[PDB]
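Residue numbers (the deposited numbering), protein chains in the order written: chain a, 151 to 185; chain A, 555 to 589, 606 to 709, 724 to 738. Working notes for the structure below.
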Amino acid sequence: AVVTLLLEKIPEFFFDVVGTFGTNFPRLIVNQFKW
Amino acid sequence: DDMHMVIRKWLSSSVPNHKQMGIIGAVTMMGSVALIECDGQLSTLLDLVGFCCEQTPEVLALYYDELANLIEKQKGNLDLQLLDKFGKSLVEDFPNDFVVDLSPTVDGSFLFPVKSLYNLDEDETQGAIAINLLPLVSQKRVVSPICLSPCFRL
């Protein structure tokens, strides 16, 4: 969706991201540099 | 793989160089996987190689040359299945880069056509002529990864 938004982006589950969900919201965000 | 993860920056482009060193390192770390858990770090740090390859210039040709050097150096090892996973989409980019036509005696446009009047240089040892190395060479401006020398080496 939008480039600064939350739902389709990493900031959807970032409101309750944990130490395990640290590099999970950073996993989908980390996918946005390849290609 | 973290060094090439560092080379992910190099592959991204640290300076005028380091993209080259990225692919040399990438194919070299790739050949160590040719003789899972490390299969995923392989493909993610391969997609950047595909990206710089998908970026227009000779950095695709260098990826071709490096895969050629990898097959050349380790021949008895490096089983067929692993390298087929590595390159079958890089091999099969040559004989369909332009040669899918039927009657190569025509010129089409063959952009800047100095050899529209004299095409079809002397080999004659074939039973079909589709484009026969002419049309990719037409427009050329290639660094010959394009159905040409570095791709023929792979």
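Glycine included, every Cβ here is placed at the ideal spot set by N, Cα and C.
Check	Outcome
What are the residues in the stretch 617 to 628 of chain A lying within 9 Å of chain a by C-beta distance?	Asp617, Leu618, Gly620, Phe621 and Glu624
Could you round the C-beta distance between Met557(A) and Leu615(A) to whole angstroms and report it? I think they count as a contact, below 8 Å.	So it is not a contact: roughly 11 Å between Cβ atoms.
Check the C-beta distance from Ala588(A) over to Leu648(A) and give it rounded, since I have them as a contact under 8 Å.	4 Å
For the 8 Å Cβ check, are there 3 or more pairs between the stretch 647 to 666 of chain A and the stretch 683 to 699 of chain A?	no
My understanding is that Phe183(a) touches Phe175(a), with C-beta atoms under 8 Å, so please give their C-beta distance in whole angstroms.	Rounded, the Cβ-Cβ distance is 15 Å, inconsistent with contact.
Whole angstroms is fine: what's the gap from residue 717(A)'s alpha carbon to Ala151(a)'s?	Residue 717(A) falls within a stretch that is absent from the model, since chain A runs 709 to 724 with no residues between.
Please decide whether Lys184(a) counts as near chain A, where near means a Cβ-Cβ distance under 9 Å.	yes
Suppose contacts are defined by Cβ-Cβ distances below 9 Å. Is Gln709(A) in contact with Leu681(A) by that definition?	yes
With distance defined between alpha-carbon atoms, name the residue in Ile730(A), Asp663(A), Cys622(A) and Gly678(A) nearest to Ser567(A).	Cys622(A)
So, are the CB atoms of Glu642(A) and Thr582(A) less than 9 Å apart?	no
First and last residue of the alpha helix (DSSP H) that includes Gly172(a)?	Element bounds for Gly172(a): n/a, residue is neither H nor E.
Which of the three DSSP states, helix, strand or coil, is assigned to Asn647(A)?	coil
Can you tell me whether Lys563(A) is buried or exposed, with buried defined as 16 or more other CB within 10 angstroms of its CB?	exposed
So the candidates are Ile606(A), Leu672(A) and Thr626(A); which of them puts its Cα closest to the Cα of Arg725(A)?	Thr626(A)
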